[PDB]
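[1] no sequence on hand, only this structure:
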């Protein structure tokens, strides 16, 4: 971080709050980790 | 033409109301909530080989299995005369098109939930007095009947005359050459479901000749070296998409018309038909024929489910019935490969090879359905899977007799 | 009216074509394999009578 | 004889005579083919 280089991953969820939103230091467990119940990955190509 | 279809509503499997909720009405592909002319709608535009199935619909026969209970739940006519309404849902008018919410000012009577209601068809006088408009409904109800009279795979009907293919049939069939069985089912169904045809129409005797000509290929009897009349179905590697069939035309050594008629109903006991687009296509491709031409005879009560026992004019038990030879995908294809080796199409090494490559494929079919039934039980509400139980999947009934039927159907 | 000879010749050519017809849907796999997965595509095709 | 189709009541749609006598009024089968012309999207594999 002291060099502008966050680790971990990046979540994209539409949380529309009003309180102290905190992108960096996230309170609580991250919603849906990899390999969680019904959490499919994207096949290499990513085709739709 | 024809107007007198005797139907039968889907079984409840011991559940309170019909296995489907409100959301199923506004999810059907094609024409809004119109269940008629649906089935092969989600397959109208092909993107690839991969079978079309989402989250709610965990399989190929899932789209149809749902439009069945949804169909019967709104079939008071033909079985009562009225229009009724189930959970605030009814048809627009007498023609019976899409299903809209119960109209105000003059709402229909609430439908009395009942299991296995016999459809008489003539009970609804408006049908015959408006046949050219509500014709698809005849083909569809017939489908639901063939699907309802079985707890394990749709019971269609093969035939084949004593004499060779007509002169008008051979000229009509030479147009569906490079067309997979998956597509032949789509063209067959979409045909008999849009305009009142005749029982002796050219496109009817050819599509029937195309169905029974497909069974021989599925059994292996009608391979590359043994055509019925120059038509067969070349099968690709089972590990490389076995769904591909295609009606190839050749000039080899044809078979020969049988000594007698081989009219016989067929079924697929193994719950594999659910995820196999090839099995569902073969079933619905034959049903298109028994639609314009009602059941050639009655169905045998020999086995079948505990609810199809002695139906009005569908399943009998006397002498006017035709035996139903049910098979199993795995042993059927295992015997289908065995036919290829007998005549010398494949080496004696590719005999036990294609068996392991297919049994592994059919395993994927089993591993899938078992994982879906547990995810979507039955007491939850809907029935996209149909409770088959895990005690089966490999208890092959008289599949060995279905194979002996193909050998007799093409001597 | 159509002289059986001419009607028969065409009924042959219609077959010549169908013979070499290619299931449009399989076309995705042909490209997928012919290219070794390096390139993967999708080609919607409205199936018709 | 030239017109077994048009005249004779025992005609059979599709029946010729061919090897022996060229019939005139037959029963052809007018087709209406469409020629689909594919043009799809094409995704690469993605580094890894």
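    Arrived safely. Residues are numbered from 1 along each chain as shown, chains lettered A, B, ... in the order given.

[2] how about stretch B:46-55: buried residues?
    Residues B:46, B:47, B:48, B:49, B:52, B:53 are the ones in stretch B:46-55 that count as buried (16 or more other Cβ atoms under 10 Å in any protein chain shown). From N, CA and C alone the C-beta is placed, and that goes for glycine too.

[3] the fourth one reaches residue B:236, doesn't it?
    Okay, so that is residue B:49. No: Residue B:49 is not in contact with residue B:236 according to Cβ atoms under 8 Å; the separation is 10.4 Å.

[4] tell me, what's touching these two both at once?
    residue B:244 (Cβ atoms under 8 Å, 6 or more residues apart in numbering or on different chains).

[5] show me what residue of chain C gets nearest to chain D.
    Closest contact between chain C and chain D, by Cβ to the nearest Cβ, is at residue C:43 (3.3 Å).

[6] chain D: strands as residue ranges?
    Assigned by DSSP state E, the strands in chain D fall at D:41-44.

[7] which parts of it sit against chain C?
    D:6, D:16-18, D:22-26, D:28-29, D:31, D:34, D:36, D:38-45 (Cβ under 8 Å from any Cβ of the partner chain).

[8] single out the residue in the stretch 301-411 of chain B that lies closest to chain D.
    residue B:410 (22.1 Å).

[9] wait, isn't that residue in contact with residue B:228?
    Yes: if you go by Cβ under 8 Å, residue B:410 and residue B:228 touch, sitting 6.1 Å apart.

[10] re the thing from before, and for the residue of the stretch 301-411 of chain B closest to chain D, nearest residue in space, chain neighbours not counted?
    residue B:255 (4.1 Å; Cβ to Cβ, 6 or more residues apart in numbering or on different chains).

[11] residues from chain D in reach of chain B?
    Within chain D, the positions lying close to chain B (Cβ under 8 Å from any Cβ) are D:12, D:13, D:14, D:15, D:16, D:27, D:29, D:31.

[12] ok, the closest residue in space to the second one that isn't next to it in sequence - contacts?
    Meaning residue D:13. Computed as Cβ to Cβ, 6+ apart, the closest residue to residue D:13 that is not its neighbour in sequence is residue B:168, at 3.8 Å. Residue B:168 makes contacts with B:202, B:206, D:12, D:13, D:14, D:15, D:27, as judged by Cβ under 8 Å, 6+ apart.

[13] just list the residues touching the third one, thanks.
    Contacts here follow Cβ under 8 Å, 6+ apart; on that basis residue D:12 touches B:166, B:167, B:168.

[14] cutoff 6 Å now
    Residues near residue D:12 by Cβ atoms under 6 Å, 6 or more residues apart in numbering or on different chains: residue B:167.

[15] same thing with the last one?
    For residue D:27, the contacting residues are D:13, D:14, taking Cβ under 6 Å, 6+ apart as the criterion.

[16] about what we covered before: any idea how far the residue of chain C closest to chain D lies from chain B?
    Separation of residue C:43 from chain B (Cβ to the nearest Cβ, to the nearest Å): 7 Å.

[17] count the neighbours of that residue for me.
    18 (other Cβ atoms under 10 Å in any protein chain shown).

[18] now it. Nearest residue, chain neighbours left out?
    Excluding its sequence neighbours, the residue lying closest to residue C:43 (Cβ to Cβ, 6+ apart) is residue D:40, at 3.3 Å.

[19] neighbours around residue B:142, how many?
    Around residue B:142 sit 23 other residues, with neighbours defined as other Cβ under 10 Å.

[20] quick check: it is in a helix.
    Yes: assigned with DSSP: H, G, I helix; E, B strand; the rest coil, residue B:142 falls within a helix.

[21] how far away is it from chain C?
    The spacing between residue B:142 and chain C, counted by Cβ to the nearest Cβ, is 20 Å.

[22] so who does that residue touch?
    B:5, B:291.

[23] what's the spacing between the residue of the stretch 1-150 of chain B found nearest chain D and residue B:151?
    Across the stretch 1-150 of chain B, the shortest distance to chain D (Cβ to the nearest Cβ) belongs to residue B:47, at 8.2 Å. Residue B:47 is 33 Å from residue B:151, where distance means Cβ to Cβ, to the nearest Å.

[24] buried sites along stretch B:189-203?
    Those buried within stretch B:189-203 under the rule 16+ other Cβ under 10 Å are B:189, B:190, B:191, B:192, B:193, B:197, B:202, B:203.

[25] can you tell me how far the first one is from chain C?
    Pointing back at residue B:189 there. From residue B:189 to chain C the distance is 10 Å (Cβ to the nearest Cβ).

[26] pretty sure residue B:147 is in a helix, no?
    Yes: membership of residue B:147 in a helix is supported by three-state DSSP.

[27] leaving out sequence neighbours, find the closest residue to it.
    residue B:154 (4.9 Å).

[28] looks like the one you found contacts residue B:146 (just checking).
    Yes: taking Cβ atoms under 6 Å as the definition, residue B:154 is a contact partner of residue B:146 at 5.2 Å.
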